[PDB]
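Peer 1: This is target12.cif, which holds mmCIF, N, CA and C atoms and all ligand atoms:
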```
data_query
#
loop_
_atom_site.label_atom_id
_atom_site.label_comp_id
_atom_site.auth_asym_id
_atom_site.auth_seq_id
_atom_site.Cartn_x
_atom_site.Cartn_y
_atom_site.Cartn_z
N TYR A 1 -78.82 110.88 -109.15
CA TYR A 1 -79.92 110.01 -109.52
C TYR A 1 -80.35 109.08 -108.36
N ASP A 2 -79.54 108.97 -107.29
CA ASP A 2 -79.81 108.00 -106.24
C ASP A 2 -80.83 108.51 -105.24
N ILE A 3 -82.05 107.97 -105.28
CA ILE A 3 -83.17 108.36 -104.41
C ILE A 3 -82.90 108.08 -102.93
N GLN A 4 -81.99 107.13 -102.63
CA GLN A 4 -81.71 106.75 -101.23
C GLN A 4 -80.49 107.44 -100.61
N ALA A 5 -79.70 108.16 -101.43
CA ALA A 5 -78.42 108.70 -100.97
C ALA A 5 -78.51 109.68 -99.82
N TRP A 6 -79.64 110.37 -99.68
CA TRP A 6 -79.80 111.35 -98.63
C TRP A 6 -79.60 110.80 -97.23
N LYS A 7 -79.89 109.52 -97.01
CA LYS A 7 -79.87 108.98 -95.66
C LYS A 7 -78.46 108.95 -95.10
N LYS A 8 -77.52 108.40 -95.87
CA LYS A 8 -76.14 108.39 -95.41
C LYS A 8 -75.58 109.81 -95.35
N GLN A 9 -75.97 110.67 -96.30
CA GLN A 9 -75.55 112.07 -96.26
C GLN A 9 -76.03 112.76 -94.96
N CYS A 10 -77.25 112.44 -94.52
CA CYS A 10 -77.77 113.01 -93.26
C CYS A 10 -77.08 112.40 -92.04
N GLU A 11 -76.73 111.11 -92.07
CA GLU A 11 -75.99 110.48 -90.98
C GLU A 11 -74.64 111.17 -90.80
N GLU A 12 -73.96 111.45 -91.92
CA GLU A 12 -72.65 112.08 -91.87
C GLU A 12 -72.75 113.50 -91.37
N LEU A 13 -73.76 114.25 -91.81
CA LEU A 13 -73.94 115.62 -91.32
C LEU A 13 -74.27 115.61 -89.82
N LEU A 14 -75.12 114.66 -89.38
CA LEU A 14 -75.42 114.55 -87.94
C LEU A 14 -74.19 114.22 -87.14
N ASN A 15 -73.29 113.40 -87.68
CA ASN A 15 -72.03 113.08 -87.01
C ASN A 15 -71.21 114.36 -86.84
N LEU A 16 -71.12 115.19 -87.90
CA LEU A 16 -70.38 116.46 -87.80
C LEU A 16 -70.99 117.37 -86.75
N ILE A 17 -72.33 117.44 -86.70
CA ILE A 17 -73.00 118.27 -85.73
C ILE A 17 -72.74 117.77 -84.31
N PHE A 18 -72.83 116.46 -84.07
CA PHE A 18 -72.55 115.93 -82.73
C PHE A 18 -71.12 116.23 -82.27
N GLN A 19 -70.15 116.20 -83.19
CA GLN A 19 -68.74 116.50 -82.89
C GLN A 19 -68.51 117.97 -82.55
N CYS A 20 -69.37 118.84 -83.03
CA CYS A 20 -69.26 120.26 -82.88
C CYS A 20 -69.63 120.70 -81.47
N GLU A 21 -68.80 121.53 -80.80
CA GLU A 21 -69.10 121.99 -79.44
C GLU A 21 -70.41 122.74 -79.37
N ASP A 22 -70.78 123.44 -80.46
CA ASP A 22 -72.04 124.19 -80.47
C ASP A 22 -73.29 123.33 -80.37
N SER A 23 -73.20 122.01 -80.60
CA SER A 23 -74.40 121.19 -80.47
C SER A 23 -74.66 120.72 -79.05
N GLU A 24 -73.75 120.97 -78.10
CA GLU A 24 -73.92 120.44 -76.74
C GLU A 24 -75.32 120.64 -76.13
N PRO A 25 -75.89 121.86 -76.15
CA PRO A 25 -77.20 122.04 -75.52
C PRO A 25 -78.34 121.34 -76.23
N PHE A 26 -78.11 120.80 -77.43
CA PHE A 26 -79.13 120.24 -78.31
C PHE A 26 -78.96 118.76 -78.54
N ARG A 27 -77.99 118.10 -77.90
CA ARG A 27 -77.74 116.67 -78.12
C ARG A 27 -78.73 115.75 -77.44
N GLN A 28 -79.49 116.23 -76.46
CA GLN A 28 -80.48 115.49 -75.71
C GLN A 28 -81.61 116.45 -75.40
N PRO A 29 -82.80 115.94 -75.03
CA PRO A 29 -83.90 116.86 -74.72
C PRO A 29 -83.52 117.91 -73.67
N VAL A 30 -84.11 119.11 -73.77
CA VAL A 30 -83.94 120.15 -72.76
C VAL A 30 -84.40 119.61 -71.41
N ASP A 31 -83.59 119.83 -70.37
CA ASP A 31 -83.79 119.31 -69.03
C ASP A 31 -84.93 120.04 -68.37
N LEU A 32 -86.03 119.34 -68.13
CA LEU A 32 -87.20 119.93 -67.53
C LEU A 32 -87.04 120.26 -66.06
N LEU A 33 -86.06 119.65 -65.37
CA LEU A 33 -85.79 120.02 -63.98
C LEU A 33 -85.03 121.36 -63.95
N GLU A 34 -84.20 121.62 -64.96
CA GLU A 34 -83.43 122.83 -65.09
C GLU A 34 -84.29 124.00 -65.59
N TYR A 35 -85.24 123.71 -66.50
CA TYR A 35 -86.11 124.73 -67.10
C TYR A 35 -87.55 124.28 -66.87
N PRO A 36 -88.06 124.50 -65.65
CA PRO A 36 -89.36 123.92 -65.28
C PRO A 36 -90.56 124.39 -66.07
N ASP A 37 -90.47 125.58 -66.69
CA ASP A 37 -91.58 126.07 -67.52
C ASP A 37 -91.39 125.77 -69.00
N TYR A 38 -90.41 124.92 -69.37
CA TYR A 38 -90.12 124.69 -70.78
C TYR A 38 -91.33 124.31 -71.62
N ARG A 39 -92.15 123.37 -71.12
CA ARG A 39 -93.32 122.93 -71.86
C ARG A 39 -94.48 123.90 -71.87
N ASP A 40 -94.43 124.96 -71.05
CA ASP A 40 -95.44 126.02 -71.15
C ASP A 40 -95.16 126.93 -72.37
N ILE A 41 -93.94 126.91 -72.91
CA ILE A 41 -93.60 127.73 -74.07
C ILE A 41 -93.45 126.84 -75.30
N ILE A 42 -92.77 125.71 -75.12
CA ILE A 42 -92.48 124.83 -76.24
C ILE A 42 -93.45 123.67 -76.35
N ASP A 43 -94.17 123.61 -77.48
CA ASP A 43 -95.16 122.56 -77.71
C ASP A 43 -94.53 121.25 -78.12
N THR A 44 -93.46 121.30 -78.93
CA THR A 44 -92.89 120.08 -79.49
C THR A 44 -91.40 120.09 -79.28
N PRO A 45 -90.94 119.51 -78.17
CA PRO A 45 -89.49 119.43 -77.95
C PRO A 45 -88.82 118.61 -79.05
N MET A 46 -87.60 118.97 -79.38
CA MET A 46 -86.83 118.23 -80.38
C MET A 46 -85.34 118.38 -80.09
N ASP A 47 -84.55 117.35 -80.39
CA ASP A 47 -83.12 117.39 -80.13
C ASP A 47 -82.41 116.48 -81.14
N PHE A 48 -81.08 116.58 -81.24
CA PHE A 48 -80.36 115.80 -82.25
C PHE A 48 -80.32 114.31 -81.99
N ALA A 49 -80.40 113.86 -80.72
CA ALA A 49 -80.45 112.41 -80.50
C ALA A 49 -81.77 111.85 -81.02
N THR A 50 -82.88 112.58 -80.83
CA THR A 50 -84.17 112.15 -81.36
C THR A 50 -84.12 112.11 -82.89
N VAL A 51 -83.51 113.12 -83.52
CA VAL A 51 -83.39 113.10 -84.99
C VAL A 51 -82.59 111.88 -85.47
N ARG A 52 -81.44 111.64 -84.83
CA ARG A 52 -80.60 110.53 -85.21
C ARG A 52 -81.34 109.19 -85.03
N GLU A 53 -82.07 109.05 -83.92
CA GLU A 53 -82.80 107.82 -83.67
C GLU A 53 -83.94 107.64 -84.65
N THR A 54 -84.63 108.72 -85.04
CA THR A 54 -85.72 108.63 -86.00
C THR A 54 -85.18 108.18 -87.35
N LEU A 55 -84.02 108.74 -87.75
CA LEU A 55 -83.38 108.37 -89.00
C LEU A 55 -82.96 106.89 -88.96
N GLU A 56 -82.32 106.46 -87.87
CA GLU A 56 -81.85 105.08 -87.76
C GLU A 56 -82.98 104.07 -87.70
N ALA A 57 -84.11 104.46 -87.14
CA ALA A 57 -85.27 103.59 -87.09
C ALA A 57 -85.94 103.43 -88.46
N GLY A 58 -85.54 104.22 -89.46
CA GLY A 58 -86.21 104.18 -90.75
C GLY A 58 -87.55 104.86 -90.67
N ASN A 59 -87.64 105.94 -89.89
CA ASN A 59 -88.87 106.67 -89.70
C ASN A 59 -88.89 108.06 -90.35
N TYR A 60 -87.89 108.35 -91.18
CA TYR A 60 -87.95 109.49 -92.08
C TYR A 60 -88.09 108.94 -93.51
N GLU A 61 -89.04 109.48 -94.27
CA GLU A 61 -89.17 109.07 -95.68
C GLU A 61 -88.34 109.95 -96.63
N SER A 62 -88.00 111.18 -96.20
CA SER A 62 -87.27 112.10 -97.06
C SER A 62 -86.38 112.99 -96.21
N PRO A 63 -85.38 113.62 -96.83
CA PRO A 63 -84.54 114.56 -96.06
C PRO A 63 -85.34 115.81 -95.68
N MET A 64 -86.46 116.13 -96.38
CA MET A 64 -87.30 117.26 -96.00
C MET A 64 -87.89 117.04 -94.61
N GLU A 65 -88.25 115.79 -94.26
CA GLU A 65 -88.81 115.55 -92.93
C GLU A 65 -87.74 115.71 -91.87
N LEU A 66 -86.52 115.23 -92.13
CA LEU A 66 -85.41 115.39 -91.20
C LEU A 66 -85.12 116.88 -90.99
N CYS A 67 -85.06 117.63 -92.09
CA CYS A 67 -84.78 119.06 -92.06
C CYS A 67 -85.87 119.80 -91.24
N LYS A 68 -87.16 119.40 -91.32
CA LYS A 68 -88.21 120.02 -90.53
C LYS A 68 -87.96 119.81 -89.03
N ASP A 69 -87.49 118.62 -88.65
CA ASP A 69 -87.20 118.37 -87.23
C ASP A 69 -85.96 119.14 -86.76
N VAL A 70 -84.90 119.21 -87.59
CA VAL A 70 -83.71 119.95 -87.19
C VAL A 70 -84.05 121.44 -87.06
N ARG A 71 -84.85 121.97 -88.00
CA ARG A 71 -85.26 123.37 -87.92
C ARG A 71 -86.09 123.63 -86.68
N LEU A 72 -86.84 122.64 -86.22
CA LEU A 72 -87.62 122.75 -84.99
C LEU A 72 -86.72 122.89 -83.76
N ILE A 73 -85.56 122.21 -83.78
CA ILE A 73 -84.59 122.40 -82.69
C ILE A 73 -84.21 123.88 -82.59
N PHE A 74 -83.94 124.49 -83.75
CA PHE A 74 -83.51 125.88 -83.76
C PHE A 74 -84.64 126.83 -83.46
N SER A 75 -85.86 126.58 -83.98
CA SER A 75 -86.97 127.49 -83.63
C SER A 75 -87.36 127.37 -82.18
N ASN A 76 -87.21 126.17 -81.57
CA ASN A 76 -87.49 126.05 -80.13
C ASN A 76 -86.48 126.87 -79.33
N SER A 77 -85.20 126.88 -79.77
CA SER A 77 -84.19 127.68 -79.08
C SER A 77 -84.55 129.17 -79.16
N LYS A 78 -84.97 129.63 -80.35
CA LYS A 78 -85.34 131.03 -80.53
C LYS A 78 -86.57 131.39 -79.72
N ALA A 79 -87.51 130.47 -79.59
CA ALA A 79 -88.72 130.71 -78.82
C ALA A 79 -88.47 130.71 -77.32
N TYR A 80 -87.56 129.88 -76.82
CA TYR A 80 -87.34 129.80 -75.38
C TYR A 80 -86.35 130.81 -74.84
N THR A 81 -85.44 131.31 -75.69
CA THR A 81 -84.44 132.25 -75.22
C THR A 81 -85.06 133.52 -74.64
N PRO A 82 -84.55 133.99 -73.50
CA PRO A 82 -85.07 135.25 -72.95
C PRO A 82 -84.47 136.46 -73.68
N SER A 83 -83.39 136.26 -74.47
CA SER A 83 -82.70 137.34 -75.13
C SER A 83 -81.96 136.84 -76.36
N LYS A 84 -81.72 137.74 -77.32
CA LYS A 84 -80.96 137.39 -78.52
C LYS A 84 -79.48 137.17 -78.24
N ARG A 85 -79.00 137.61 -77.07
CA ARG A 85 -77.60 137.53 -76.66
C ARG A 85 -77.33 136.35 -75.73
N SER A 86 -78.28 135.42 -75.54
CA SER A 86 -78.07 134.29 -74.66
C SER A 86 -77.05 133.31 -75.22
N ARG A 87 -76.36 132.58 -74.33
CA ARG A 87 -75.34 131.64 -74.77
C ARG A 87 -75.93 130.53 -75.64
N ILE A 88 -77.01 129.89 -75.19
CA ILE A 88 -77.55 128.75 -75.95
C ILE A 88 -78.14 129.19 -77.28
N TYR A 89 -78.83 130.35 -77.31
CA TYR A 89 -79.38 130.83 -78.58
C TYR A 89 -78.25 131.20 -79.52
N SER A 90 -77.16 131.81 -79.02
CA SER A 90 -76.02 132.16 -79.89
C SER A 90 -75.43 130.90 -80.54
N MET A 91 -75.38 129.80 -79.78
CA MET A 91 -74.87 128.53 -80.28
C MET A 91 -75.82 127.97 -81.35
N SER A 92 -77.15 128.10 -81.13
CA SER A 92 -78.11 127.60 -82.10
C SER A 92 -78.03 128.35 -83.41
N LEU A 93 -77.77 129.66 -83.38
CA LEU A 93 -77.64 130.43 -84.62
C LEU A 93 -76.46 129.95 -85.44
N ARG A 94 -75.32 129.70 -84.79
CA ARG A 94 -74.15 129.23 -85.54
C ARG A 94 -74.39 127.83 -86.08
N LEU A 95 -74.99 126.97 -85.26
CA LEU A 95 -75.24 125.61 -85.67
C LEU A 95 -76.23 125.55 -86.82
N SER A 96 -77.24 126.43 -86.80
CA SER A 96 -78.23 126.52 -87.86
C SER A 96 -77.55 126.93 -89.17
N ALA A 97 -76.64 127.91 -89.12
CA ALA A 97 -75.94 128.33 -90.35
C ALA A 97 -75.13 127.16 -90.91
N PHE A 98 -74.45 126.41 -90.04
CA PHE A 98 -73.68 125.25 -90.47
C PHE A 98 -74.59 124.19 -91.09
N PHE A 99 -75.71 123.89 -90.42
CA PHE A 99 -76.64 122.91 -90.93
C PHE A 99 -77.20 123.33 -92.29
N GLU A 100 -77.66 124.56 -92.41
CA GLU A 100 -78.25 125.03 -93.67
C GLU A 100 -77.27 125.00 -94.82
N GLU A 101 -76.01 125.30 -94.54
CA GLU A 101 -74.94 125.29 -95.54
C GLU A 101 -74.74 123.89 -96.11
N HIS A 102 -74.86 122.87 -95.27
CA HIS A 102 -74.63 121.50 -95.69
C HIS A 102 -75.88 120.76 -96.18
N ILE A 103 -77.06 121.10 -95.66
CA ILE A 103 -78.29 120.40 -96.07
C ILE A 103 -78.80 120.80 -97.44
N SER A 104 -78.45 121.99 -97.92
CA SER A 104 -78.94 122.47 -99.20
C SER A 104 -78.70 121.50 -100.37
N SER A 105 -77.48 120.95 -100.51
CA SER A 105 -77.22 120.01 -101.59
C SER A 105 -77.91 118.69 -101.34
N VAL A 106 -78.08 118.27 -100.06
CA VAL A 106 -78.78 117.01 -99.79
C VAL A 106 -80.22 117.09 -100.28
N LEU A 107 -80.88 118.23 -100.02
CA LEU A 107 -82.26 118.42 -100.45
C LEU A 107 -82.34 118.52 -101.96
N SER A 108 -81.45 119.31 -102.59
CA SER A 108 -81.45 119.49 -104.03
C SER A 108 -81.23 118.17 -104.75
N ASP A 109 -80.23 117.39 -104.29
CA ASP A 109 -79.95 116.11 -104.94
C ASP A 109 -81.11 115.16 -104.81
N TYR A 110 -81.76 115.11 -103.64
CA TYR A 110 -82.89 114.21 -103.47
C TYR A 110 -84.05 114.62 -104.39
N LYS A 111 -84.39 115.91 -104.41
CA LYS A 111 -85.51 116.36 -105.22
C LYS A 111 -85.23 116.13 -106.69
N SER A 112 -83.97 116.32 -107.12
CA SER A 112 -83.59 116.06 -108.51
C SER A 112 -83.71 114.56 -108.84
N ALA A 113 -83.28 113.69 -107.91
CA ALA A 113 -83.35 112.24 -108.12
C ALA A 113 -84.80 111.81 -108.22
N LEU A 114 -85.71 112.40 -107.39
CA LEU A 114 -87.12 112.03 -107.49
C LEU A 114 -87.71 112.49 -108.79
N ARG A 115 -87.35 113.71 -109.25
CA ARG A 115 -87.86 114.18 -110.54
C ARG A 115 -87.39 113.25 -111.67
N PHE A 116 -86.12 112.77 -111.59
CA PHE A 116 -85.61 111.87 -112.61
C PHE A 116 -86.37 110.56 -112.60
N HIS A 117 -86.71 110.08 -111.40
CA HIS A 117 -87.48 108.84 -111.28
C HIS A 117 -88.86 108.94 -111.96
N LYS A 118 -89.45 110.15 -111.99
CA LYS A 118 -90.76 110.39 -112.62
C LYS A 118 -90.69 111.10 -113.99
N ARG A 119 -89.53 111.09 -114.67
CA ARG A 119 -89.36 111.79 -115.93
C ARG A 119 -90.31 111.34 -117.03
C1 LIG B 1 -82.95 126.11 -74.77
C2 LIG B 1 -82.53 127.42 -74.18
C3 LIG B 1 -82.44 128.53 -75.02
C4 LIG B 1 -81.97 129.73 -74.52
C5 LIG B 1 -81.59 129.83 -73.19
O1 LIG B 1 -81.04 131.07 -72.88
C6 LIG B 1 -80.44 131.27 -71.64
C7 LIG B 1 -79.04 130.59 -71.69
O2 LIG B 1 -78.48 130.33 -72.75
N1 LIG B 1 -78.42 130.30 -70.50
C8 LIG B 1 -78.96 130.77 -69.20
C9 LIG B 1 -78.97 129.60 -68.19
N2 LIG B 1 -77.61 128.95 -68.16
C10 LIG B 1 -77.66 127.88 -67.14
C11 LIG B 1 -77.19 128.41 -69.50
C12 LIG B 1 -77.09 129.60 -70.47
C13 LIG B 1 -81.71 128.73 -72.31
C14 LIG B 1 -82.17 127.52 -72.82
#
```
Would you mind writing the file's structure down as structure tokens?
Ligand SMILES: Cc1ccc(OCC(=O)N2CC[NH+](C)CC2)cc1
Peer 2:
Amino acid sequence: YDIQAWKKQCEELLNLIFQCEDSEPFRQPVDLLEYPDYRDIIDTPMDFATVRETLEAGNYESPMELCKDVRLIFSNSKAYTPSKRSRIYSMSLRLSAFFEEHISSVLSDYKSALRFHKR
């Protein structure tokens, strides 16, 4: 029933993701000196520090908005990878499975709490 519970649930999930070795390439923006053509392929860079900062600033209204930004991290990895067998893309696939496994109840609980609020 708690309409606000998603925020701490997302903070905790972000903490687990930061602790995970698979999040290393995604903890800060992609290095434009290392990948000089990055912005010719990727329109909207996104990373987990930006997600965490947006959440802490009180700039997400729902866990759906947070989930859209996290999914953008993974779609940017899929778009920039030169191959399906690349190291960073392989890490993003595992991290995405972990994120999706944990975010499902956060989204369901929030949507259920909002429906209860409007019963
Ligand atoms: C965001 C992104 C996504 C996929 C990439 O695929 C190539 C890769 O994973 N590497 C080749 C270059 N090494 C220095 C690191 C390993 C690279 C960057």
Peer 1: Residues within 7 Å of ligand LIG 1 (chain B) should be enumerated using only N, CA and C atoms and all ligand atoms and returned as a list in words.
Peer 2: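 Using only N, CA and C atoms and all ligand atoms, I find these residues within 7 Å of ligand LIG 1 (chain B): residues 25, 30, 76, 77, 78, 79, 80, 81, 82, 83, 85, 86, 87, 88, 89 and 90 of chain A.
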Peer 1: For stretch 98-104 of chain A, please output as a list in words all residues within 8 Å (counting only N, CA and C atoms; exclusion window: fewer than 5 positions along the same chain).
Peer 2: residues 10, 13, 17, 67, 92, 93, 109 and 110 of chain A
Peer 1: Among chain A, which ones does DSSP place in helix (DSSP H, G or I), written as number ranges by chain?
Peer 2: A: 6-19, 21-26, 38-41, 48-56, 63-80, 87-117
Peer 1: Pick out the residues sitting within 6.5 Å of residue A:26, and hand them over as a PyMOL selection string; count all atoms listed in the file, and ignore anything fewer than 5 positions along from it in its own chain.
Peer 2: chain A and resi 47-49
Peer 1: Can you measure atom C of residue A:1 to atom N of residue A:66 for me? One decimal in Å is fine.
Peer 2: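 Going from atom C of residue A:1 over to atom N of residue A:66 covers 18.4 Å.
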Peer 1: Using atom C of residue A:44 and atom C of residue A:91 as the two end points, give the distance in Å to one decimal.
Peer 2: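 Between atom C of residue A:44 and atom C of residue A:91 the gap is 17.6 Å.
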Peer 1: Restricting the calculation to all atoms listed in the file: of A:46, A:51, A:97, A:2, which residue gets closest to residue A:72?
Peer 2: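 Closest to residue A:72 of all the choices is A:46.
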Peer 1: How big is the axis-aligned box around the listed atoms of stretch 27-41 of chain A once 4 Å is added on each side, and where is its centre? Give both in Å to one decimal, as JSON.
Peer 2:
```
{"center_x": -86.6, "center_y": 121.6, "center_z": -71.0, "size_x": 25.7, "size_y": 20.2, "size_z": 22.2}
```
Peer 1: Leaving out stretch 105-108 of chain A and any residue of its chain fewer than 4 positions from it, which residues lie within 8 Å of it when counting only N, CA and C atoms, given as a tab-separated table (two decimals) with N, CA and C atoms, in the coordinates of the input?
Peer 2:
```
chain	number	residue	atom	x	y	z
A	5	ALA	N	-79.70	108.16	-101.43
A	5	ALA	CA	-78.42	108.70	-100.97
A	5	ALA	C	-78.51	109.68	-99.82
A	6	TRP	N	-79.64	110.37	-99.68
A	6	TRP	CA	-79.80	111.35	-98.63
A	6	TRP	C	-79.60	110.80	-97.23
A	9	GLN	N	-75.97	110.67	-96.30
A	9	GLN	CA	-75.55	112.07	-96.26
A	9	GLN	C	-76.03	112.76	-94.96
A	10	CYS	N	-77.25	112.44	-94.52
A	10	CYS	CA	-77.77	113.01	-93.26
A	10	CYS	C	-77.08	112.40	-92.04
A	63	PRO	N	-85.38	113.62	-96.83
A	63	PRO	CA	-84.54	114.56	-96.06
A	63	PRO	C	-85.34	115.81	-95.68
A	64	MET	N	-86.46	116.13	-96.38
A	64	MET	CA	-87.30	117.26	-96.00
A	64	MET	C	-87.89	117.04	-94.61
A	100	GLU	N	-77.66	124.56	-92.41
A	100	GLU	CA	-78.25	125.03	-93.67
A	100	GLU	C	-77.27	125.00	-94.82
A	101	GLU	N	-76.01	125.30	-94.54
A	101	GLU	CA	-74.94	125.29	-95.54
A	101	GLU	C	-74.74	123.89	-96.11
A	112	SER	N	-83.97	116.32	-107.12
A	112	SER	CA	-83.59	116.06	-108.51
A	112	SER	C	-83.71	114.56	-108.84
A	113	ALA	N	-83.28	113.69	-107.91
A	113	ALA	CA	-83.35	112.24	-108.12
A	113	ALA	C	-84.80	111.81	-108.22
A	114	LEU	N	-85.71	112.40	-107.39
A	114	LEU	CA	-87.12	112.03	-107.49
A	114	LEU	C	-87.71	112.49	-108.79
```
Peer 1: Between A:43, A:50, A:71, A:14, single out the one closest to residue A:29, counting all atoms listed in the file.
Peer 2: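 Looking only at the distances to residue A:29, the closest residue turns out to be A:50.
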Peer 1: What does the distance between atom CA of residue A:11 and atom C of residue A:73 come to in Å, to one decimal place?
Peer 2: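 Interatomic distance here is 17.8 Å.
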